[PDB]
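J.: Structure provided below as structure tokens; questions to follow.
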Amino acid sequence: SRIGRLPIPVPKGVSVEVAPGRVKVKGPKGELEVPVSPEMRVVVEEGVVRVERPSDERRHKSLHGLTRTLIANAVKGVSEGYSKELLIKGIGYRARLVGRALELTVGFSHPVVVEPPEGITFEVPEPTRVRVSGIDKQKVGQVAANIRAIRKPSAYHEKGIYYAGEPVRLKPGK
Amino acid sequence: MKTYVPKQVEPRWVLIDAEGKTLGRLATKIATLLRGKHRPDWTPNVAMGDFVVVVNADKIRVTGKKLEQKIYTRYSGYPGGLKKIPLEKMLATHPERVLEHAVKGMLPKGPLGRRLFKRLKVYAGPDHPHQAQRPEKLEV
Amino acid sequence: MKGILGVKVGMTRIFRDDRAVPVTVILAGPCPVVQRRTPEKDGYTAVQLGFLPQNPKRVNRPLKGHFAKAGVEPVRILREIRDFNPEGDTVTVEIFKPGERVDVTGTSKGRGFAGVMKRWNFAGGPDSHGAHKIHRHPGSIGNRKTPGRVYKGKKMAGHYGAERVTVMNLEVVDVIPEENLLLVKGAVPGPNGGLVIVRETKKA
Amino acid sequence: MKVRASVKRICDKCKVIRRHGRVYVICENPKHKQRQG
RNA sequence: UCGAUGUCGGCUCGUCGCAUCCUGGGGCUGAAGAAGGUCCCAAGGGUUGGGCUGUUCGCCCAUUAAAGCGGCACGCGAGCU
RNA sequence: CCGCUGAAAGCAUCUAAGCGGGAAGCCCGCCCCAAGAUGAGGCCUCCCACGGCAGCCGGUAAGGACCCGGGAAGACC
Ligand SMILES: [Mg+2]
Ligand SMILES: [Mg+2]
Ligand SMILES: [Mg+2]
Ligand SMILES: [Mg+2]
Ligand SMILES: [Mg+2]
Ligand SMILES: [Mg+2]
Ligand SMILES: [Mg+2]
Ligand SMILES: [Mg+2]
Ligand SMILES: [Mg+2]
Ligand SMILES: [Mg+2]
Ligand SMILES: [Mg+2]
Ligand SMILES: [Mg+2]
Ligand SMILES: [Mg+2]
Ligand SMILES: [Mg+2]
Ligand SMILES: [Mg+2]
Ligand SMILES: [Mg+2]
Ligand SMILES: [Mg+2]
Ligand SMILES: [Mg+2]
Ligand SMILES: [Mg+2]
Ligand SMILES: [Mg+2]
Ligand SMILES: [Mg+2]
Ligand SMILES: [Mg+2]
Ligand SMILES: [Mg+2]
Ligand SMILES: [Mg+2]
Ligand SMILES: [Mg+2]
Ligand SMILES: [Mg+2]
Ligand SMILES: [Mg+2]
Ligand SMILES: [Mg+2]
Ligand SMILES: [Mg+2]
Ligand SMILES: [Mg+2]
Ligand SMILES: [Mg+2]
Ligand SMILES: [Mg+2]
Ligand SMILES: [Mg+2]
Ligand SMILES: [Mg+2]
Ligand SMILES: [Mg+2]
Ligand SMILES: [Mg+2]
Ligand SMILES: [Mg+2]
Ligand SMILES: [Mg+2]
Ligand SMILES: [Mg+2]
Ligand SMILES: [Mg+2]
Ligand SMILES: [Mg+2]
Ligand SMILES: [Mg+2]
Ligand SMILES: [Mg+2]
Ligand SMILES: [Mg+2]
Ligand SMILES: [Mg+2]
Ligand SMILES: [Mg+2]
Ligand SMILES: [Mg+2]
Ligand SMILES: [Mg+2]
Ligand SMILES: [Mg+2]
Ligand SMILES: [Mg+2]
Ligand SMILES: [Mg+2]
Ligand SMILES: [Mg+2]
Ligand SMILES: [Mg+2]
Ligand SMILES: [Mg+2]
Ligand SMILES: [Mg+2]
Ligand SMILES: [Mg+2]
Ligand SMILES: [Mg+2]
Ligand SMILES: [Mg+2]
Ligand SMILES: [Mg+2]
Ligand SMILES: [Mg+2]
Ligand SMILES: [Mg+2]
Ligand SMILES: [Mg+2]
Ligand SMILES: [Mg+2]
Ligand SMILES: [Zn+2]
């Protein structure tokens, strides 16, 4: 019944060095930096990282589980790295890879080209499936959300952009 | 016996850094200096106060949501000329005026206090061209 | 941001592809750069151009002097073209190609102390049905006791015309280098023989 | 979105939120979604 | 306020409020689509010409993106009627 | 309004730390005025270091004003 106390199993060989207000992480896939509240404390242990709050005030309870999960996420990233699959539903709807960028053919009067920001790398195993991959989470999380917005799911048809494993809840017409 | 009246006195120049300092609680010391009410020879109807050279005025600090909710305003004389200006943007435009406007309102009204604000010189940044005055820096 | 000083000769029309194109002609060139504004020295970028040679008998010492430091012959008029830096010592209409677009400035004709039906296009009062000496009057200028005052920026009779006016996005119809003549489709302010500036357009 | 001074929960699935000084009411039934205004 | 603050409507000239008629941005929709309905944000600009009547208002003709409601002494007679 | 990551509150949550998208509307950009902006700004060139006794009087310089011929400028100015 608590996260800010759950340890953070740092998997070798990923580094963690504390610095007031932040924590930097290095991994087989790239660096990351976790800005962190000063009021907390990040404790380094063998192959484990924790975070201690200095009191049970509500404002310290909140930032606690928060900070643990940021660092924790930052570790899986530089090691496993995150990704997300997008599902394309729509007859004429395609999605091909343009060198490095992504053009989406989803019925508009035009192709929607999206340029990959730093860290993010687009990939296409299927003109129907898309896999966004990176080391950051609130970035891999964002970009994908952006792409899904171009042609969101519809309420009346399996037609649009869907998160992988996203329900197909539809309404009736007539 | 009558009260003492001080002949013309060579003013003194002060240098006050404002970085980190709180806005309204800095301008209260300045205006006091300007007024000269820190002098044993204070006199109401003369400019017997320091000159105040404020610096790093772009780094003044403030409490709460004021950058987003403190609305500096102007009235352009014409209809609809009510200019509503947030604190955030006065800094990102004309910062030396957040402090000025603050002290300005803490100085009396009329001529005197209108030429005391003149003795105030607030510059944004760590430097001032008043080196030729050798300002006596103060800590407050 | 190329631009050039010039005078207004007049306006006719020409034919271009079975079509009549109203044009106003301008004696733009040739303008010699008599000074270059700078950010370090003056704090901003521009070019002081000269236009119309002037009889040295009417030119005085400080002016004669300034014309010296620039190795520039005297001249009648001096205007700047902000954010403009020609590579050379002299500016000419050659800087304009046909089919381009320009913004034109001229000291509009002066209508003197003109009325309200003329400066502010008001409608005045009727010419009948009982109009008592108001056929060309404005009307009511305020309310009553609240606000009990008159607005600033209010529209009333007053001097109208003879004020700077900048016309924009005109078309370079043709340029006659031989004579320093710029043909621009449209209306250019001010009377003929008046001064005008021809600055590159800021529209798209 | 509904906007009213009587924000309440309509089903077992509704959830009462405070967001940005405001009280919303989110749910999987978009109808029940409310704001306090 | 009666040793006077002239009172309806119109014309002219505006300007503000926003409980928004239009254009703009949204949620829900018994939202398929187009077109509507209902709340929310928004007052920048716009909001026609006519027939009847002193008329405000309202009805009607032809239109429109729309033909909004209200405050300024039911704005405005040392400005007109 | 729509979200990303996300605790409190092992799930969930657009927010409590933080980052995005998004109105003809706010800010800038566009046109015009404007340093009496007495906070009276800046730049180019010109003039000079005159006599008598932060003031006065007198004669010049760089310049200007009056006077005149006039102007799509303008009631006079
Ligand atoms: Mg370790
Ligand atoms: Mg311990
Ligand atoms: Mg003190
Ligand atoms: Mg005191
Ligand atoms: Mg003083
Ligand atoms: Mg404060
Ligand atoms: Mg400034
Ligand atoms: Mg010409
Ligand atoms: Mg001119
Ligand atoms: Mg005239
Ligand atoms: Mg006109
Ligand atoms: Mg007219
Ligand atoms: Mg009329
Ligand atoms: Mg009539
Ligand atoms: Mg008429
Ligand atoms: Mg009569
Ligand atoms: Mg008459
Ligand atoms: Mg009138
Ligand atoms: Mg009256
Ligand atoms: Mg009043
Ligand atoms: Mg004039
Ligand atoms: Mg031709
Ligand atoms: Mg109810
Ligand atoms: Mg219930
Ligand atoms: Mg839910
Ligand atoms: Mg009386
Ligand atoms: Mg009475
Ligand atoms: Mg009376
Ligand atoms: Mg009386
Ligand atoms: Mg409203
Ligand atoms: Mg609308
Ligand atoms: Mg709409
Ligand atoms: Mg239907
Ligand atoms: Mg339908
Ligand atoms: Mg529809
Ligand atoms: Mg709707
Ligand atoms: Mg509006
Ligand atoms: Mg309106
Ligand atoms: Mg009508
Ligand atoms: Mg009739
Ligand atoms: Mg009736
Ligand atoms: Mg009837
Ligand atoms: Mg129609
Ligand atoms: Mg409509
Ligand atoms: Mg009444
Ligand atoms: Mg009544
Ligand atoms: Mg009345
Ligand atoms: Mg009236
Ligand atoms: Mg009358
Ligand atoms: Mg009347
Ligand atoms: Mg969600
Ligand atoms: Mg989430
Ligand atoms: Mg936040
Ligand atoms: Mg953003
Ligand atoms: Mg944002
Ligand atoms: Mg988005
Ligand atoms: Mg943005
Ligand atoms: Mg537009
Ligand atoms: Mg000007
Ligand atoms: Mg000046
Ligand atoms: Mg001022
Ligand atoms: Mg000057
Ligand atoms: Mg004359
Ligand atoms: Zn519900």
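Note: Cβ is positioned from N, Cα and C throughout, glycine not excepted.
According to Swiss-Prot, the protein carries these features:
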type    : residues                           : note
BINDING : D:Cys11, D:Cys14, D:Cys27, D:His32 : Zn(2+) binding site
J.: Around D:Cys14 (Zn(2+) binding site), how many other CB atoms lie within 10 A of its CB?
T.: 18
J.: Where does D:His32 (Zn(2+) binding site) sit by DSSP, helix, strand or coil?
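T.: The three-state answer is coil.
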J.: When DSSP states are folded down to helix, strand and coil, where does D:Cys27 (Zn(2+) binding site) land?
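T.: DSSP assigns D:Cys27 (Zn(2+) binding site) to coil.
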J.: Does anything in the same chain, at least 6 positions from D:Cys27 (Zn(2+) binding site), have a Cβ under 8 Å from its Cβ, and if so what?
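T.: The answer is D:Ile10, D:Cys11, D:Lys13, D:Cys14, D:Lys15, D:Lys33.
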J.: D:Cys11 (Zn(2+) binding site) has how many other Cβ neighbours within 10 Å of its own Cβ?
T.: 10
J.: Under 8 Å Cβ to Cβ from D:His32 (Zn(2+) binding site), same chain, six or more residues apart: give me those in sequence order, or none if nothing qualifies.
T.: D:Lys2, D:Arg9, D:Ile10, D:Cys11, D:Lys13, D:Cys14, D:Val25
J.: Cβ within 8 Å of the Zn(2+) site centroid (D:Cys11, D:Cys14, D:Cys27, D:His32 excluded): which residues?
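T.: Leaving out the recorded residues gives D:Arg9, D:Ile10, D:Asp12, D:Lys13, D:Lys15, D:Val25, D:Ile26, D:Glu28, D:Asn29, D:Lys31, D:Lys33.
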